[PDB]
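Notes for the one structure printed next.
Numbering (the authors' numbering), first residue to last: 23 to 390, 394 to 698.
Structure, rendered in structure tokens:
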């Protein structure tokens, strides 16, 4: 076997624990599941989780250029920031979200559709499962340095191997530091990251891995205001520089985070296995901003305001399970029972004040100008206790049919108290979730599945007549066929699905200051997606996505509601990398990819379209080895995003647009021994 976790060459992963909480071939999994191999992440020099999801079907990379604080992305229509996982553990509070330095990962698993079945509360979208780099059993050493666009300068390392002669002791030090500017003025893109790790494996029964890390980054403010009137729409004052800086320079916009955790598997015999994961995770986010409120009557002056807010959150996440592999018939059984705590605390506060308005065309900033961010606003400490019990059984009937069944009970509780006025408030929810799925594994490699699963996310806080909101729910059907070609290293997935979210907060007609749970979002789509690492070291990928989205202000099947904002009908993408294997220029390589994103709708009402766009990507790269043999192990790699520098809008409201990624270059020198 290949590992469901450990490293691998090629673009084509063959198995994952993400879809099933057990070691499973991709065809065995009754959902639709994607694995982004490390290698691919490198042949594209990707630099952030969100950026590496750009070539995945039914997944869309909504984090904007100007504000890079989070890996904000969307699976099958829904934002999945409550769907993020590191090593199968959530590490996120209501407001405290974490950002994982993509260098630190060994692969990304993406499970499309509702998965509360295994992971508890979650967005309808799916789970992004960020699998950490873990201590390797044979030495491996990598240093690389890079430069590139916007005065970029970055250094990093990755060291592994045994400490002893058995491989009873294994380490891994990983580190990266970066000083970069970004296509905009006075916006930095800085990181520092270090992650020690350690695997003690006495024998083959017990295997315990230790996982620490500290990540300190800087980025720009959030809610970058660029007006529509001037970009997408007309403005009588003329077009606006798509990349204008309209906040104030030199304000604190950063965050520390760190975590320590362990992963322990342990065999008991031939049938029983116990499993435990848990991690402490801190996140200390700070933002100072002078963000744009609105454009004054003259369509030229931006009124603004001062804000400071520190969000601090601490996570204790813990997941224990036990697994059994027997046979009653000549029919292989796989059983699974588990428990799943989380406890969180989040320490919030917001402070407001005034901000000199600034001009859209002639921006001007200066200090000794007004910025006073001290009026208390909100101020919180919010504790949660989450617990799930889950189980699931898989049946493999005489080596061909995989039937998969499972469910989860969940308790979610959330004690929020106002330091502003010395009141407490408490919310308490429960839901059963579940999944049914059948797969037939044909001999010719084809493998059709059907399945149904549910999902739920709480809605925190109290409505208007002072009653707590209800959790949102999601149900999904999927037919789909996955494929393994005769004997080539390749994987194609075709999936068709209908996915629906219920109790979506709509604005109440009776009381214009109230939200009622009347709303449906419905999304039916197709996702064709394939990867191959071919015969002679050419790699490949394609991902197509058609999505029918329909917002339903309230259940009425003679409606025909509208598309939601910023959601594409089509998104396709392609990529090939290629290293020359012999002959004169042995070691020289090229890489190209085309990414496509379709029209969106600006306004809830669907009267205003936001331009489609296609972007090209490129790479040359050279391994010295043949040329200077004494420099064996060295690598020059140059990569371009948006090669042709199309200046596009990421998304538009009717108020404002988002500046798309202008052409960016990363060049690097990498050395290995």
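By construction, the Cβ of each residue, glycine as well, lies at the ideal position given by its N, Cα and C atoms.
Can you check whether the C-beta of residue i is within less than 9 Å of a C-beta belonging to chain C?
| i | result |
| --- | --- |
| residue 596 | You won't find chain C in this structure, because it holds only one protein chain. |
Taking all protein chains shown into account, decide if residue i is buried (16 or more other Cβ within 10 angstroms of its Cβ) or exposed.
| i | result |
| --- | --- |
| residue 457 | exposed |
| residue 361 | exposed |
| residue 414 | exposed |
| residue 350 | exposed |
| residue 399 | exposed |
| residue 620 | buried |
| residue 573 | exposed |
Go through its chain and collect everything with a Cβ distance to residue i's Cβ below 6 Å, but skip five positions before and after it.
| i | result |
| --- | --- |
| residue 429 | 52, 419 and 462 |
| residue 551 | 521 and 571 |
| residue 256 | none |
| residue 659 | 649 and 696 |
| residue 569 | 553 and 597 |
| residue 438 | 410 and 453 |
| residue 450 | 441 |
| residue 162 | 182 |
| residue 673 | 638 and 685 |
| residue 245 | 313 |
| residue 500 | 479 and 525 |
Apart from the five residues just before and just after residue i, which ones in its own chain have a Cβ nearer than 7 Å to its Cβ?
| i | result |
| --- | --- |
| residue 677 | 250, 254, 627 and 635 |
| residue 270 | 312, 387 and 396 |
| residue 36 | 24, 47 and 48 |
So, are the CB atoms of residue i and residue j less than 9 Å apart?
| i | j | result |
| --- | --- | --- |
| residue 665 | residue 694 | no |
| residue 427 | residue 50 | yes |
| residue 304 | residue 281 | yes |
| residue 258 | residue 326 | no |
| residue 223 | residue 190 | yes |
| residue 602 | residue 644 | yes |
| residue 139 | residue 431 | yes |
For the candidate residues the options, whose alpha-carbon lies nearest to that of residue i?
| i | options | result |
| --- | --- | --- |
| residue 368 | 653, 119 and 89 | 119 |
| residue 206 | 24, 684 and 324 | 684 |
| residue 469 | 606, 476 and 510 | 510 |
| residue 44 | 95, 412, 343 and 478 | 343 |
| residue 279 | 653, 91 and 507 | 91 |
| residue 216 | 246, 124 and 71 | 124 |
| residue 298 | 581, 330 and 230 | 230 |
| residue 494 | 517, 530, 506 and 474 | 530 |
| residue 302 | 235, 93 and 421 | 235 |
| residue 113 | 150, 86, 99 and 77 | 150 |
| residue 237 | 83, 277, 195 and 631 | 277 |
| residue 609 | 587, 588, 94 and 652 | 652 |
How many Å lie between residue i and residue j at the Cα?
| i | j | result |
| --- | --- | --- |
| residue 513 | residue 347 | 30 Å |
| residue 403 | residue 328 | 15 Å |
| residue 542 | residue 176 | 48 Å |
| residue 265 | residue 669 | 17 Å |
| residue 172 | residue 688 | 10 Å |
| residue 341 | residue 134 | 21 Å |
| residue 233 | residue 285 | 8 Å |
| residue 322 | residue 316 | 10 Å |
| residue 159 | residue 268 | 51 Å |
| residue 471 | residue 525 | 28 Å |
| residue 57 | residue 371 | 38 Å |
| residue 515 | residue 563 | 12 Å |
| residue 308 | residue 373 | 12 Å |
| residue 502 | residue 476 | 6 Å |
| residue 154 | residue 126 | 6 Å |
| residue 243 | residue 275 | 6 Å |
| residue 555 | residue 47 | 16 Å |
| residue 157 | residue 490 | 54 Å |
| residue 412 | residue 324 | 47 Å |
| residue 504 | residue 519 | 9 Å |
| residue 210 | residue 593 | 30 Å |
| residue 130 | residue 105 | 13 Å |
| residue 60 | residue 675 | 27 Å |
| residue 136 | residue 655 | 53 Å |
| residue 167 | residue 197 | 12 Å |
| residue 228 | residue 358 | 19 Å |
| residue 202 | residue 661 | 20 Å |
| residue 93 | residue 180 | 23 Å |
| residue 34 | residue 363 | 33 Å |
| residue 482 | residue 497 | 5 Å |
Might you give, ordered along the chain, the residues of its own chain that have their beta carbon closer than 8 Å to the beta carbon of residue i, omitting 5 neighbours on each side?
| i | result |
| --- | --- |
| residue 226 | 289 |
| residue 117 | 333, 335, 368 and 370 |
| residue 391 | Here the chain breaks off after 390 and picks up again at 394, leaving residue 391 without coordinates. |
Just to check, is the beta-carbon of residue i closer than 8 Å to a non-hydrogen atom of the ligand SAH?
| i | result |
| --- | --- |
| residue 245 | Annotation note on the ligand SAH: not contained in the displayed structure, which lists no ligands. |
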